[PDB]
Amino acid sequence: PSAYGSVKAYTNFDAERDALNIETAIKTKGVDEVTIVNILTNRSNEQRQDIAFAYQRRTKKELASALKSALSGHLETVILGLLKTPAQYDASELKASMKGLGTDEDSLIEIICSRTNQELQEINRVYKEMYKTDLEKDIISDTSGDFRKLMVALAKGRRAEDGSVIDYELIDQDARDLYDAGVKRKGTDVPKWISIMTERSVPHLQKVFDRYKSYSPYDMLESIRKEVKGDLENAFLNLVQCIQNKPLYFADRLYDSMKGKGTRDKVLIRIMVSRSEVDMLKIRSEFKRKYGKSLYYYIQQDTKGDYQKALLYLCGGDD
């Protein structure tokens, strides 16, 4: 169990009682959204599975579809998201980003770039069972060129596992190689860049990016903005952020989702849901440090209603 999540297993818990309470609030006049939120936002993801199992034993009807009926708008999205397992959620999100004409580059990049080997292995499995097809083949189908190559590599989830040993020689070499394949020469050797950033372990790459500043006038992120463009650039920039500092990566995505006019609800929700039981505490930490005010504070200003309430619960506090 991750210690940096914001949402934790409810101390004293009973699935069957929750199921009853949920249904009650669902049957009530005008629906008792408040209750449904108060319960689901304060139960771990695994406890939610049990509640969905119990609710079906009582009503013979699937909790998800029931709640889908009683709810609507952004709130519905949030709840239906908190009910799926992490892999199911991520799988459905990856499927959604590729559904129809076009590709939601942003969201495809976000998931594939931040998930770990362990998380990806489970996603590939669930994605197959859920959509009777492989994530890979789906990815190869909606993307092309170098972006496709990069996304396929990351989705494999075969990055080397971090070793107890620091390979200073390899770090330097990988550093020079990154400089030689880009800033140092006209054009770019994208395959070399891809090879290294997807195969080396994160800890190792973190040091590589540091050594890299010793050979290049520009750091990795900057060098990227200069060497590539389009979806490719977007991908590398996201991936490098996830390697250097993931909690920070998400705090920035969260900031971008609310900073301006309106709200990019699709992004805000996915993060608040998927990272609630992972590193929400570090994210809030990085967010508060960088922007001056709490994440909580931004959510208050950008959202309202039960929807807001839901998000503020997943946030955890820092009011």
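Each residue number is its position in the shown sequence, starting from 1.
Do the CA atoms of 255 to 263 or those of 48 to 56 have the higher mean B-factor in the entry?
Averaged over C-alpha atoms, the B-factors run higher in 48 to 56.
Please work out which of 122 to 130 and 190 to 198 has the higher mean CA B-factor as recorded in the PDB entry.
According to the entry, 122 to 130 carries the higher average C-alpha B-factor.
Looking at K290, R270, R284, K27, which has the biggest Cα B factor in the entry?
Highest C-alpha B-factor among the listed options: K27.
Can you tell me which of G100, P217, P247, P203 has the highest Cα temperature factor in the record?
In this record, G100 carries the highest C-alpha B-factor of the candidates.
Ranking every modelled residue in this chain by its Cα temperature factor as given in the entry, which third contains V165?
It belongs to the highest third of the chain when residues are ordered by C-alpha B-factor.
Lowest, middle or highest third: where is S274 by C-alpha B factor in its chain?
Ranked within chain, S274 CA B lands in the middle tercile.
What third of its chain's C-alpha B-factors does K156 belong to: lowest, middle or highest?
Tercile = middle for this residue's CA B-factor.
Compare the C-alpha B factor of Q173 with those of the other modelled residues in its chain, then answer lowest, middle or highest third.
For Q173, the deposited C-alpha B-factor lands in the middle third.
Among the chain's modelled residues, which third holds the C-alpha B-factor of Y296?
Middle third by C-alpha B-factor.
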